[PDB]
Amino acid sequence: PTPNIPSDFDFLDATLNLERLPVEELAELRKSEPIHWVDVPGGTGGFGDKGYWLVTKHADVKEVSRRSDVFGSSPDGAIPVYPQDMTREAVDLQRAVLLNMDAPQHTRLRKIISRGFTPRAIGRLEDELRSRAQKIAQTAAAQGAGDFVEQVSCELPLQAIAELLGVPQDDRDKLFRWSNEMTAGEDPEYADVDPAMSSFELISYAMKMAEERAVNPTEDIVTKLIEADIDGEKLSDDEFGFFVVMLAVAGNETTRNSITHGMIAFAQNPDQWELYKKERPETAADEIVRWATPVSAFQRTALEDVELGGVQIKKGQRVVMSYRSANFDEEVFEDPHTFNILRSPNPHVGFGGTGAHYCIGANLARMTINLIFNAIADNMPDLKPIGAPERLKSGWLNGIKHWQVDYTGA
């Protein structure tokens, strides 16, 4: 235990992160105790254990990601922190979705699901999504000023999911509503949502979608997923249901928050914003994701006694990967605290470290990001912040709820 950071300091506390990301504190661990145990003697929310290991170095985060055979996702799920009213029961059924599964079921399911995220599948959405990105930006610009999150950041990630699944336009409203209801669990502004009922209804909708496409096939990814490959592999209707639920949370608030933090970074760095508007560099999306790191941390659970960075980890202890720390590791990134959209190479772990659970939607997210910022630069290139960004109350998701902006910059 380093003298500079006491073990009782909870890096994942939602109240702390509402105020700020513990950036300086993580930086301290990297110099003194890169693998660090956090004490929560009263019992952690949801899990009910007495603490967790925190991994702060880029190299060590990659090693954990790579060694799924000893660092599992199913005992406690990937999400590393829950409020105190969270039950052990709710934690232990996170395993019903891909993110929180281990081998062999994860191996089979990811292989099938990967059909939906080929270059062809993603690239075929580009025209429709660009069209929408433009109209999103134009509509916001016409308002003069307003909340950037709701008027610019929010819609395109949702539409991307919709266009990928081939959701009919008349159903997208309730789809978006359900998705947005599943993005709570701490913040008091969202205290009257029902995420459980929303997930239930979303599963139901998805299952019927699979049953319809089974009789009337289309050229969206749903048909690709529910039909047997050369080896007879396919998603059952319920599996597809839990896949859609997975998508609703995985590709919604993540991309949304990368866009908002992206624009904030551009506001704090006029030089880079001018550079983007003039050259539209392809490296921009990845520096945005590194800078935002929408997922601050995900965890694993040790399936057996194991040594990591000279530290003995005991079976059942949780191992939390700090993506936020790793993405600013001074041994990996040159000038990590400079926002540079031309950054190359850019080995960030914002989409996770290479391994079994590496983000399957990463290229879809990059496309979404590129399209919305191309549209912003095209329809509101002189936008300026009016108010301070209001942060989301979450211990692991680096979210922004609101950000008042003058689009015409007048």
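A residue's number is simply how far along the shown sequence it sits, counting from 1.
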Decide which of the stretches 319 to 327 and 134 to 142 has the higher mean C-alpha B-factor, going by the entry. 134 to 142
Of 7 to 15 and 398 to 406, which one has the bigger average CA B-factor? 398 to 406
Candidate residues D76, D286, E253, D127, the one whose C-alpha B factor the record puts highest: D127
Per the PDB entry, maximal CA B factor within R300, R88, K111, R213: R213
Which third, lowest, middle or highest, does the C-alpha temperature factor of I369 belong to within its own chain? middle
Consider only the C-alpha atoms of the modelled residues in this chain, order them by B-factor as the entry records it, and name the third containing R290: lowest, middle or highest. middle
If you rank the chain by CA B-factor, which third does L98 end up in: lowest, middle or highest? lowest
Where does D378 sit by CA temperature factor within its chain: lowest, middle or highest third? highest
Entry-reported Cα temperature factor of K234, expressed as the chain third it lands in: highest
